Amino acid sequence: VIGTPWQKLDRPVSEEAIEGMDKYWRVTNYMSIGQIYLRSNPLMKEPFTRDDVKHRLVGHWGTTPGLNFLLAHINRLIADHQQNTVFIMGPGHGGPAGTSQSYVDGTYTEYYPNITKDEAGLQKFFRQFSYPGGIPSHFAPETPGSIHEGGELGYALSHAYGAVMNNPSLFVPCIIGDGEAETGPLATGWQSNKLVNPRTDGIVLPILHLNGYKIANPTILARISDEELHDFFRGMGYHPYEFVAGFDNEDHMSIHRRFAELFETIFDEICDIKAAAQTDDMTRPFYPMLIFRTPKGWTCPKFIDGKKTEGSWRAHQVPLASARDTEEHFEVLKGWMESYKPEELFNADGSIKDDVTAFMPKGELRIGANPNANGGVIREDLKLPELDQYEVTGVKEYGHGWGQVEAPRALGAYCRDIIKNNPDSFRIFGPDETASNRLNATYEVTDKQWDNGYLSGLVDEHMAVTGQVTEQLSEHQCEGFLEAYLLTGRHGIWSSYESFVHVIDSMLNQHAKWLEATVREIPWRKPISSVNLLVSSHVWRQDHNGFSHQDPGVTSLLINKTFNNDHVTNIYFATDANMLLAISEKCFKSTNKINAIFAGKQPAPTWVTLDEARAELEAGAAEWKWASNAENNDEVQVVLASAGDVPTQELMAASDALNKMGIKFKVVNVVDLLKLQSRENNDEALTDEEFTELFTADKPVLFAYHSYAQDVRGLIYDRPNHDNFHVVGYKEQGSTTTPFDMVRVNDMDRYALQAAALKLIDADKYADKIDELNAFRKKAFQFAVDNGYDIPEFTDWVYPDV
């Protein structure tokens, strides 16, 4: 347990602390300007000239001084209260404020020993910001203190809230851009306070950085009336406080006193809410939130070239773009840097004076050092139940292809027991789909956590104010919550109807990018758990729905994250429940990954034993020898290959029929897609020799793909025998229809697959059989049209093992 959580001060903030906070604000303002403008001479020692100014001025001043003000006050708070604290920088383009924070708290020099606490260190600190060979413009994962970069705006609040889940001692002041608040994901973010519990979760404090402006526009929230703004936050279940500063001549020390006193009122209320929640954990409190209304660019020159800058969108990027080039602009920069009076903040050796930091928290309470902001230092392996107890045993008992098992129900029972063994560190998220995707065996040991109105046990099944499943009809919220949950060292999984995974494609992009930078160059940031996503209710079996719900293409997005042997992405196609089991265990042991686990939820055949799934998963693709009828690759007329539960069922029925015709083939199943890539693009892929062995050197390959055929084609482009692959995939065809018709209109049904294989073997010899199969598909459809359900030859076919 870190510090002394939820303690009130019961005295005023000291005058020493106010003094220190103004010194912090002035030094972090100064060094943020230095990071942006200065290539050398950080203390402006004589001669200080244009030659000290960066050739390329890049970065973001506007948000930065308001961030630095808040961080002064949050730091002061942490230290007075000994409060376990992680902040979120929504305006992540304010990167100098987060690097300045770490540098002041001492963690920057601890993590980066070359960036020393003295003039030479400070020169390097200024130069290196947004610079070739240096550091990023944003609150990147290489910044001690960051679990959120804030490059792609809108995830401030889901991360803040996922971080405090099952973290009752943790306090998260979440700085949100007022421009950011215009995004979709941020707007639904506010509603998370109905989904956390004030006894078992920690506390988020939304701080709205209402600086009036985004890039080139005012913001919506800053320009509505104050009464609308207050009604807004009250209507979302918060107690709003508003702070206004910086628009008149109020002196800075007065501003600090007033803000500290306000911030103490807000914290006191948080402490009262925490204390009350130990007794009453059912009443949802009105959590405080802070509206912080200060000028953009605060403390910068009011006008530059006769244009309003402080208190404007003009302050957004880099004021004085000509500081290197004119001398008019350099004089303004010099005066600006001087107004912070650095001669009072730095010792002659260029170290930051002791009296600038005496007020700062220390040790692991420092914002840069809290282990919650590097959660893999506190992550523990899950206590996993043995997989074998979950196996579908039907394959051993009756044969390959047996039964009508709904595959995710095995993952559900497994997840149930993981929750039981790890009761406060493994969460399930679902956009109102947990049950729909068949993971509700989990409710046998816990509830959907819901901290909002209850009506009746006749309607309110499987929910309680505390629990380890969270649902909200928002994919951004599910993915945001989980990411931060993982980033602070815990574990879990979510699920989503496959076509709607795309809502959060850009979230997968950013978390994959966080993972990339991390495995490449941040060894101090320890491994976190993986994002585990069950992609179910797939393209082929969206029976109550239709075309809008048919889009397996998150595959294609994920493929754009597969470089440089990072290995931060995996795409798995579970063939049935036993494959699902094998994949899930690997996923739950893995770290530093996004894992997409595709499985169908419909009743379906089970193809492999558990032991077989384990061996196959390990290699990535496997021959199914019990299904091949050819002896060796020379005897093979076609390779029958599959990835996907329905492509597989269809390929298998086709193989049954090709067998009965005396065609000689082999069956290859593919589970781990990226392992089809060449070793040169992927050092963990099948070797060429392994690839050739599976797929032959010179025989045609019929490949039935779950998603767009383009994926497999681009992936195998430098593989031997690639020109022989015929890839059949989803091709934007379907509607509200029978299971047979869905595969039919994509040429994915068994008859079409058979026909395709014939065409590849000898189109002339089998012209007639092909026609006959093409017509049988037409007859099977008409039969569905006329009767309301699929032709029994189709529905009732079970694989000949049995």
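Residue positions are given as counts along the sequence shown, with the first one as 1.
On average the C-alpha atoms of 687 to 695 have higher B-factors than those of the other stretch, with 687 to 695 and 170 to 178 being the two compared. Checked against the record, the higher mean CA B factor of 298 to 306 and 465 to 473 lies with 298 to 306. Reading the B-factor column for the CA atoms of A613, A275, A245, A358 in the entry, the top value corresponds to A613. You'll see in the entry that, of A373, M661, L515, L558, the Cα B factor peaks at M661. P206 sits in the lowest third of its chain by CA B factor, as recorded in the PDB entry. Sort the modelled residues of the chain by CA B factor and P47 lands in the highest third. Ranked by C-alpha B-factor against the other modelled residues of its chain, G184 falls in the lowest third. Per-chain ranking of the deposited C-alpha B factor places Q510 in the lowest third. Ranked against the other modelled residues of its chain, the C-alpha B-factor of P65 as given in the entry falls in the lowest third.
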